[PDB]
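Here the structure is laid out as structure tokens; the discussion comes afterwards.
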Protein chains: 6
Amino acid sequence: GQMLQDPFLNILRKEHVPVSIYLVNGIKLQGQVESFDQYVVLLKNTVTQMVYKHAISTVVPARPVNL
Amino acid sequence: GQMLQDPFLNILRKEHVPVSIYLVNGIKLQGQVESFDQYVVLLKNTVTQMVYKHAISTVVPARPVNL
Amino acid sequence: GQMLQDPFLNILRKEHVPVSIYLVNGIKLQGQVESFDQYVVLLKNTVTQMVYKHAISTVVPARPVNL
Amino acid sequence: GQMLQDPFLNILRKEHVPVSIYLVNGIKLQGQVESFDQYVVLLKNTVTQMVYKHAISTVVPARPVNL
Amino acid sequence: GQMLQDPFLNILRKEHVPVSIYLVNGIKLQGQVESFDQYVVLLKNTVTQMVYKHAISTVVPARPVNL
Amino acid sequence: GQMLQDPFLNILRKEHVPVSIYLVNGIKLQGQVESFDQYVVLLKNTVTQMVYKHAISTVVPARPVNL
């Protein structure tokens, strides 16, 4: 397919879907996708942290999300 | 060879082949390839999660798949 | 979204926000973002060290920072 | 040198040389190089799995192979 | 900021500043930056070894260095 | 500096310098640089194996080598 990353992240952002983000170092972060760009995802919980996409292994939504 | 990634992923998607996806952090995910683009594979089980290709080490189909 | 990395890093730099930077090898660095470019973040504590972005997993500010 | 990757992989494929492929996560895969493209190597044993090159550390042939 | 990596490495090289270089695999190398290019840093101790930047997580000087 | 990787690898190859190559997964390989290209180094011991540069952390010669 083509151009599927952004629609997926954008539903998670607009719909405030709780996600777990598994990093390449084994950290699992939880929160809401506040925003994202070419290279980073801003993930919001107690604060907003800037997660580099190159360190993300998988983004797991708390519920089914259909593109 | 040339342009073999997409034909492989596309048989797995169209034919709903069960796969195991081994990540660079040791996680093994199981499910069906729902869709994919330049950078991500959407993998469906209980939910659909967005797996970044840069974190995938190998995609192992449950059965032989011939391109 | 678009062009969000730099605004985020730039608030952290200009506002001297304490950050924790989690590396892909599990090291957690703490300090202030002194400066940054396409590829590196200069992080200042006792000395200034040059952190490659490709090794950063997440930048966690000590407080909420809103872009 | 220049353009040595493909000649090497191509001898392994055409000559059906048994290889061990060591991944960045410590997995060692064994089999035959069925095919490869810009980004993936298809490795055949009981099934054919799609190995991303970015996750390969070294390809070790079972015997000397001279380019 | 822009074009800060090279000025930093260049002060370390010209001023023969002792550095520790932390790699993504946990190795910590110590020595002096002899030279560097787009992709590698030559680090000199008993011998000169060629460190790929993509494997460096952070370069820590023994003393403050101000760009 | 500029264009230093290839001169370094080329002295190691032409001069048959024994090297240790440390991979991002902790494997240490030993042998001689037989050849190399944009993306791989062919390393020769009992056989020749194809090491991807993206998995190399540092190349350590057995002796001083001066570019």
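Following the order of the structure tokens, chains are lettered A, B, ..., residues in each are numbered from 1, and ligands are numbered from 1.
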Checklist line | Interface, chain A side, toward chain B (9 Å; only C-alpha atoms) as a list in words | finding: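 Only these qualify: residues 1, 2, 3, 4, 5, 8, 9, 23, 24, 25, 26, 53, 54, 55, 56, 57, 58, 59, 60, 61, 62, 63, 64, 65 and 66 of chain A.
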Next item on the list: Compile the contact shell of residue F:30 as a VMD selection string: residues with an atom at most 8 Å away, counting only C-alpha atoms, same-chain residues fewer than 2 positions apart removed.
Entry: chain F and resid 18 to 21 28 32 43 45
Next item on the list: State, in Å with one decimal place, the distance from atom CA of residue E:31 to atom CA of residue E:11.
Entry: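 Taking atom CA of residue E:31 and atom CA of residue E:11, their separation equals 14.3 Å.
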Checklist line | Residues flagged strand (DSSP E) by DSSP in chain F, as a PyMOL selection string | finding: chain F and resi 19-23+28-36+40-44+48-52+56-61
With N, CA, C and O atoms retained, export the selected residues as a short mmCIF file (atom, residue, chain, number, x, y, z; two decimals), in the first residue's frame.
data_model
loop_
_atom_site.label_atom_id
_atom_site.label_comp_id
_atom_site.auth_asym_id
_atom_site.auth_seq_id
_atom_site.Cartn_x
_atom_site.Cartn_y
_atom_site.Cartn_z
N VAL F 19 42.43 -7.57 11.66
CA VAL F 19 41.48 -6.68 12.32
C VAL F 19 40.53 -7.49 13.19
O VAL F 19 40.31 -8.69 12.99
N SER F 20 39.99 -6.81 14.19
CA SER F 20 38.82 -7.25 14.94
C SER F 20 37.69 -6.30 14.59
O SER F 20 37.88 -5.08 14.62
N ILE F 21 36.53 -6.84 14.23
CA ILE F 21 35.35 -6.04 13.90
C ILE F 21 34.28 -6.34 14.93
O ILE F 21 33.80 -7.47 15.05
N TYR F 22 33.89 -5.31 15.68
CA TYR F 22 32.91 -5.45 16.75
C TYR F 22 31.54 -5.08 16.20
O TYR F 22 31.35 -3.97 15.70
N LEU F 23 30.60 -6.01 16.29
CA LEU F 23 29.27 -5.79 15.76
C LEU F 23 28.33 -5.24 16.83
O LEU F 23 28.59 -5.33 18.04
N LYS F 28 32.37 -10.31 18.04
CA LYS F 28 33.67 -9.83 17.57
C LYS F 28 34.19 -10.80 16.51
O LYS F 28 34.44 -11.97 16.81
N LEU F 29 34.36 -10.31 15.29
CA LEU F 29 34.90 -11.09 14.20
C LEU F 29 36.37 -10.73 14.00
O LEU F 29 36.77 -9.59 14.21
N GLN F 30 37.16 -11.71 13.59
CA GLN F 30 38.56 -11.48 13.33
C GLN F 30 38.91 -12.03 11.95
O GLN F 30 38.36 -13.05 11.53
N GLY F 31 39.82 -11.35 11.27
CA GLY F 31 40.22 -11.79 9.94
C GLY F 31 40.86 -10.64 9.18
O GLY F 31 41.36 -9.70 9.78
N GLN F 32 40.82 -10.75 7.86
CA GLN F 32 41.40 -9.74 6.99
C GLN F 32 40.32 -9.16 6.10
O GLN F 32 39.42 -9.87 5.65
N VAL F 33 40.40 -7.85 5.86
CA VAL F 33 39.46 -7.21 4.95
C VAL F 33 39.84 -7.63 3.53
O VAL F 33 40.86 -7.20 2.99
N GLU F 34 39.02 -8.48 2.93
CA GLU F 34 39.26 -8.92 1.56
C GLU F 34 38.85 -7.85 0.55
O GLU F 34 39.55 -7.64 -0.45
N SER F 35 37.74 -7.17 0.81
CA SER F 35 37.18 -6.18 -0.09
C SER F 35 36.03 -5.51 0.64
O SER F 35 35.61 -5.97 1.70
N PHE F 36 35.51 -4.45 0.04
CA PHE F 36 34.42 -3.72 0.65
C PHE F 36 33.76 -2.87 -0.42
O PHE F 36 34.35 -2.59 -1.45
N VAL F 40 28.93 -3.12 2.41
CA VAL F 40 29.42 -4.34 3.04
C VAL F 40 30.95 -4.36 3.07
O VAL F 40 31.63 -3.71 2.27
N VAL F 41 31.48 -5.13 4.02
CA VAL F 41 32.89 -5.47 4.09
C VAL F 41 32.97 -6.98 3.99
O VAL F 41 32.27 -7.69 4.73
N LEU F 42 33.77 -7.49 3.06
CA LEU F 42 34.02 -8.93 3.00
C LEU F 42 35.22 -9.24 3.88
O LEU F 42 36.30 -8.69 3.67
N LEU F 43 35.03 -10.09 4.87
CA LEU F 43 36.03 -10.37 5.88
C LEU F 43 36.42 -11.83 5.76
O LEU F 43 35.56 -12.71 5.77
N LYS F 44 37.72 -12.09 5.65
CA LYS F 44 38.19 -13.43 5.31
C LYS F 44 38.95 -14.05 6.48
O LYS F 44 39.86 -13.42 7.04
N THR F 48 35.02 -16.45 3.70
CA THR F 48 34.78 -15.02 3.56
C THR F 48 33.32 -14.79 3.92
O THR F 48 32.43 -15.42 3.35
N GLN F 49 33.08 -13.92 4.90
CA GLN F 49 31.70 -13.60 5.23
C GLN F 49 31.43 -12.15 4.86
O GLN F 49 32.34 -11.33 4.79
N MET F 50 30.16 -11.86 4.59
CA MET F 50 29.76 -10.52 4.17
C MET F 50 29.15 -9.80 5.37
O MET F 50 28.06 -10.15 5.83
N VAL F 51 29.87 -8.81 5.89
CA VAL F 51 29.46 -8.03 7.05
C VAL F 51 28.84 -6.73 6.55
O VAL F 51 29.48 -5.97 5.82
N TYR F 52 27.61 -6.44 6.96
CA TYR F 52 27.00 -5.16 6.64
C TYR F 52 27.60 -4.06 7.52
O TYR F 52 27.67 -4.21 8.74
N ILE F 56 28.37 -2.81 11.98
CA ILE F 56 29.71 -2.67 12.55
C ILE F 56 29.71 -1.50 13.51
O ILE F 56 29.18 -0.43 13.20
N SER F 57 30.31 -1.70 14.68
CA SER F 57 30.52 -0.59 15.60
C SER F 57 31.92 0.00 15.48
O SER F 57 32.07 1.22 15.33
N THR F 58 32.96 -0.84 15.49
CA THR F 58 34.32 -0.36 15.32
C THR F 58 35.18 -1.44 14.68
O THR F 58 34.99 -2.63 14.91
N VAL F 59 36.13 -0.98 13.87
CA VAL F 59 37.15 -1.83 13.27
C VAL F 59 38.47 -1.52 13.96
O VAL F 59 38.97 -0.40 13.86
N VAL F 60 39.05 -2.52 14.63
CA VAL F 60 40.26 -2.35 15.43
C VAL F 60 41.41 -3.10 14.76
O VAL F 60 41.44 -4.34 14.79
N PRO F 61 42.39 -2.40 14.18
CA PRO F 61 43.54 -3.10 13.60
C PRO F 61 44.45 -3.64 14.69
O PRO F 61 44.51 -3.11 15.81
#
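We find atom CA of residue B:12 and atom CA of residue B:67 to be spaced 10.6 Å apart.
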Margin query: Using Å and a single decimal, report how far atom CA of residue C:7 sits from atom CA of residue A:17.
Written below: 24.3 Å
